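As a plain string of letters, each chain reads:
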Amino acid sequence: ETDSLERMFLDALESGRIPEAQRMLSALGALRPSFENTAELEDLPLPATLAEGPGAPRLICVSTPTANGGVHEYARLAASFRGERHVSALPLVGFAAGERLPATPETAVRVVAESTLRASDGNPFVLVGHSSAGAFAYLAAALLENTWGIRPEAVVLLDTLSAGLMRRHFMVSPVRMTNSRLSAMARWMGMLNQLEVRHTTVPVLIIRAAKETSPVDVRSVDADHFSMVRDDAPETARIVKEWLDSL
Amino acid sequence: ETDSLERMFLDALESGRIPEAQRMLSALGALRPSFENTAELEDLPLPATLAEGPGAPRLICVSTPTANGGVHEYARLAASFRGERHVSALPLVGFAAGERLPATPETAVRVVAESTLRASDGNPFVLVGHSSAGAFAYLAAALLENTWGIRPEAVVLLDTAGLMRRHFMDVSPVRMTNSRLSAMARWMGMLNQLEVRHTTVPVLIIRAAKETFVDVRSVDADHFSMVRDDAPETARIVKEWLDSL
C-alpha cells in the first residue's frame with residue numbers, strides 16, 4: 001500500500017503530530033481481540049536463544065513494545081555474551097497478525113512474567129529491558145516475587161524512564177510495521193501507561209546513557225539511548241557482566 | 001493483507017462494532033491533509049461519462065460516500081440512457097491516496113457543487129444521488145442556486161444499521177483501501193453536521209417500496225436493487241418525470 005498505516009504513522013511522527021497518531025492506533029488497538037488470562041492462549045511467546053554459555057546467571061531480555069521491536073533488539077547486546085552465558089529474548093504477544101492482545105495491564109505483566117519463567121529453564125536468571133521494556137522487565141520481576149515467590153537474581157534496566165524519543169526510535173530485521181504491529185504497539189504502550197508501581201526486593205541496575213538529557217545501583221555508559229544497544233553494545237554488556245559478577 | 005483495515009471494518013460490521021470502527025477511521029481521517037477552499041486542490045474531481053445522447057437535460061450523479069462507492073455505482077442506471085442522453089458521475093475527492101479531504105461540511109458541499117458544474121459543461125442538468133449521496137446532491141443543488149444563482153433543472157434522490165451490512169455484503173466489488181475507509185469516515189461524518197437549505201428546483205424522491213412496511217414516486221425495489229437489477233425501472237421513472245417538466 002502507498003497509503004499504508006506504516007507510511008502514515010511515520011508521516012505523523014516527522015510532523016510531530018504524535019497525539020493524533022496516538023488517538024488513531026489505540027482506536028485500532030481497541031478493535032483487536034483480547035485475552036484476560038494466559039489460559040485463553042494456544043501458547044505463551046517462544047523465547048529466542050541469542051547466546052549460550054556456562055556462566056550464570058543467564059539473561060532474559062524483554063522486547064520493547066514498539067511496532068518494529070522484537071528479539072532482534074538484543075542480538076548485538078547478546079553478541080558480547082557469546083560463549084560466556086545464556087541470553088534469550090522474549091517476543092511480546094499480539095505483534096504477529098493472528099495473535100491476541102492483553103486486555104489489562106496486569107495481564108500484560110503476567111504474560112511477560114510467565115514467558116520469562118519458561119525461558120529461564122528453571123535456572124537463576126536476570127530480567128533485562130531496554131527503554132520501554134524496562135518497566136515490563138521490572139514489574140515482571142515484582143510479580144514473580146509476589147505471586148510465585150520466584151525471585152530473579154536481578155533486574156537490569158538500559159536507560160529506562162521512571163516525545164522526540166519516540167520519533168528518534170523510528171527515525172534511525174529492519175522490520176515492516178504491519179497493521180498488527182502498530183496496533184499491538186498502541187495496546188502495549190497504553191498498558192505501560194497504566195501499570196501500578198510495585199516493589200521488588202531483588203538487586204536492580206539502571207545503566208544510564210551518558211549522552212542524553214529495592215537495592216538500586218546506577219552506572220553510566222559512554223553512549224546514547226539508541227547506541228547503547230547498537231554500536232556501544234560491548235560497553236553496555238561489560239558494565240552488566242561486571243555488575244553481575246560483583247553480586 | 002490478512003490484518004488489512006478492510007478486513008477489520010468488515011469483521012466489525014459482522015460483530016456490531018461499527019461505532020468503534022468509525023472512531024478508528026475518523027481518527028485516521030484526522031491524520032490526512034485537509035482543504036477548506038476548493039482552490040487548494042490541484043484539480044476538481046474528474047467526471048466519468050457513462051452515457052451520451054441527443055436528449056436533455058443531462059444527469060450528473062454523485063458517488064455515495066462509502067468505501068466501496070464511486071462512479072461505477074451509476075453505470076447500470078446509466079446503461080438505460082446510453083443512446084438517449086448524457087449521464088456522468090462524479091468521484092468524491094479524498095477517496096484516492098493522493099487526495100486531501102474536506103475540512104468542513106460546507107467545503108464538502110462546495111466541492112460537489114463545483115464538480116457538478118464542471119460535469120455539466122454549460123448544459124441544463126439534473127443532480128442525482130443514490131442513498132447517502134442524496135443529501136450531498138440536494139445540498140449542492142441548493143448552494144448552486146442560493147450562492148451562485150445557477151439552478152439545476154431538478155434533483156433526483158434515489159431512496160434517500162444493517163443497511164450498512166447489506167451495503168457492504170457485489171457485481172463490481174471494490175478494494176476498500178485505507179484512503180477509501182478514512183475518506184468514508186470523514187464524508188459520512190459530515191452528514192450529521194449538515195443543516196438543510198431550501199432550493200426552489202423540482203425535487204423527485206424515488207422511494208424503494210420494499211424498504212417500507214417535491215414529488216414522491218416509488219419503484220418496486222429495495223435500496224440496493226433500485227440501481228442494480230431494478231435500474232431499468234428506476235431509469236424510466238426518472239426519464240418520464242423529467243419529461244413532465
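A chain's residues are numbered here from 1, following its sequence as written, a convention that may not match the entry; residues for which no coordinates exist are omitted. Here every chain gets a letter starting at A, and every ligand a number starting at 1, in the order they are written. Note: side-chain values were computed over all heavy atoms of the structure, leaving out hydrogens and water. Residues with missing side-chain atoms are left out of burial classes, side-chain pairs and their counts.

Per the deposited record, determination of this structure is attributed to X-ray crystallography, with the resolution reported as 2.1000 Å.

Peer 1: Describe the pattern of salt bridges, listing the residues and the values that go with them.
Peer 2: Here, a salt bridge means any side-chain nitrogen of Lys or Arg that lies within 4 Å of a carboxyl oxygen of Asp or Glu. Within the structure shown, the criterion is met by 22 salt bridges over all chains. A:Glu84 is the partner of A:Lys241 in a salt bridge, and the nearest nitrogen-oxygen pair spans 3.3 Å. Note that B:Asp243 and B:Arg85 form a salt bridge whose closest N and O atoms lie 3.9 Å from each other. What makes B:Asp243 exposed here is its relative accessible area of 54%. Buried means the residue's accessible area, taken with a 1.4 Å probe over protein chains only, is under 20% of the maximum for its type, while exposed means over 50%, and partly exposed covers the values in between. Residue classification places B:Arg85 among the buried positions, given a relative accessible area of 1%. Here the salt bridges share partners, and the residues they tie into one network are A:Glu84, A:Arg85, A:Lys241 and A:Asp245.

Peer 1: Before we move on, could you go through the interface of chain B and chain A and cite the residues and values that matter?
Peer 2: With 19 residues of chain B in contact, the opposing surface of chain A contributes 20 residues. Strands are runs of DSSP state E lasting at least 2 residues, helices are runs of H or I lasting at least 4, and numbering of each runs from the N terminus. Put simply, the parts of the chain that give the side of chain B that touches chain A at least two residues each are helix 1 (5–15), helix 2 (18–29) and helix 7 (178–189) of chain B. It is helix 2 of chain B that provides the largest number of residues to the side of chain B that touches chain A, a total of 6 residues. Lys, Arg, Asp and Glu make up the charged group, whereas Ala, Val, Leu, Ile, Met, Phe, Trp, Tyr, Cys and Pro make up the nonpolar group; the residues left over, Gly among them, are polar. Split by residue class, the side of chain B that touches chain A holds 10 nonpolar, 5 polar and 4 charged. Two residues qualify as a contact provided that any one of their heavy atoms is within 4.5 Å of a heavy atom in the partner residue.

Peer 1: Go over the packing of aromatic side chains, please, and point to the residues and values.
Peer 2: All names here are of chain A. Here a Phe, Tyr or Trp ring, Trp counted by its six-membered ring, pairs with any other such ring whose centre lies within 6.5 Å, and the pair is stacked when the planes are under 30 degrees apart, edge-to-face when over 60, and tilted otherwise. For the structure shown, the criterion picks out 4 aromatic pairs over all chains. Ring geometry for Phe 136 versus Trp 188: centroids 5.3 Å apart, planes at 75°, classification edge-to-face. Each member of the pair, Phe 136 together with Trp 188, is buried.

Peer 1: Account for the nonpolar core, with residues named and values stated.
Peer 2: In this description, a nonpolar core means a group of buried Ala, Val, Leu, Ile, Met, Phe, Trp, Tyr and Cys residues linked to one another through side-chain atoms lying within 4.5 Å. Counting 155 residues, the largest nonpolar core has A:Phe9, A:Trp188, B:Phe9, B:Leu25 and B:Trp187 as the members making the most contacts within it. Sorting elements by how many residues they give to this core places helix 5 (residues 133–146) of chain B first, with 9 residues.

Peer 1: I'd like to hear about the packing of helix 1 of chain B against helix 2 of chain B, residue by residue, with values.
Peer 2: All names here are of chain B. The geometry of helix 1 relative to helix 2 is characterised by a closest axis approach of 8 Å and an angle of 150° between their N-to-C directions. Relative to helix 2, the element helix 1 is oriented roughly antiparallel. Of helix 2, the residues touching helix 1 (which contributes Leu 5, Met 8, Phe 9, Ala 12 and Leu 13) are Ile 18, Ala 21, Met 24, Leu 25 and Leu 28. Split by residue class, the contact of helix 1 with helix 2 holds 10 nonpolar, no polar and no charged. Each axis is a line fitted through C-alpha atoms, and for a helix only the stretch in contact is used; angles between axes span 0 to 180 degrees, taken between their N-to-C directions. Reported orientations rely on four angle classes, namely roughly parallel under 35 degrees, roughly antiparallel over 145, roughly perpendicular from 65 to 115, and oblique for the rest.

Peer 1: Describe the sheet that holds strand 6 (residues 125–130) of chain B, and please don't skip the residues or the numbers.
Peer 2: Residue and element names in this part refer to chain B. Strand order in this open sheet of 7 strands is 2-4-3-6-7-8-9, and the pairing throughout is mixed. Strand pairing shows two members of the sheet lacking a second neighbour, strand 2 (48–54) and strand 9 (215–219), which therefore form its edges. With strand direction ignored, the average angle separating the axes of adjacent strands in the sheet is 20°. Strands are labelled as partners when DSSP assigns at least two bridges between them. Pairing between strand 7 (residues 154–158) and strand 8 (residues 203–208): 4 bridges, direction parallel. Note that in strand 8 the partner of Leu 157 across the bridge is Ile 205. Seen against the sheet, helix 8 (residues 231–244) touches strand 3 (58–62), strand 4 (85–90), strand 6, strand 7, strand 8 and strand 9 and runs at an angle of roughly 155° to strand 9.

Peer 1: How would you summarise empty space enclosed by the protein if you had to cite specific residues and measurements?
Peer 2: Size it by volume and the largest cavity reaches roughly 60 Å³. Buriedness of a pocket was judged along seven lines, with at least five required to meet protein on both sides within 12 Å; pockets are open sets of points on a 1 Å grid over the protein atoms alone, cavities are sets where a 1.4 Å probe fits but cannot get out, and lining residues have an atom within 4 Å of a point. Together, A:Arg110, A:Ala113, A:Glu114, A:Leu143, A:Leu144, A:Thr147 and A:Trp148 line the largest cavity. For the lining of the largest cavity, the secondary structure elements donating two or more residues are helix 4 (105–120) and helix 5 (133–148) of chain A. Top element by residues in the lining of the largest cavity is helix 5 of chain A. It accounts for 4 residues. Classifying every residue of the lining of the largest cavity by side-chain character gives 4 nonpolar, 1 polar and 2 charged. Grid points are joined across faces, edges and corners, and a volume is the space filled by probe spheres set on the points. Approximately 30 Å³ is the volume attributed to the second largest cavity. As for the second largest cavity, its lining consists of B:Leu59, B:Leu77, B:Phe81, B:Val128, B:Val156, B:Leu158, B:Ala235 and B:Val238. Mapped by element, the contributors of at least two residues to the lining of the second largest cavity are strand 7 and helix 8 of chain B. Split into classes, the residues belonging to the lining of the second largest cavity amount to 8 nonpolar, no polar and no charged.

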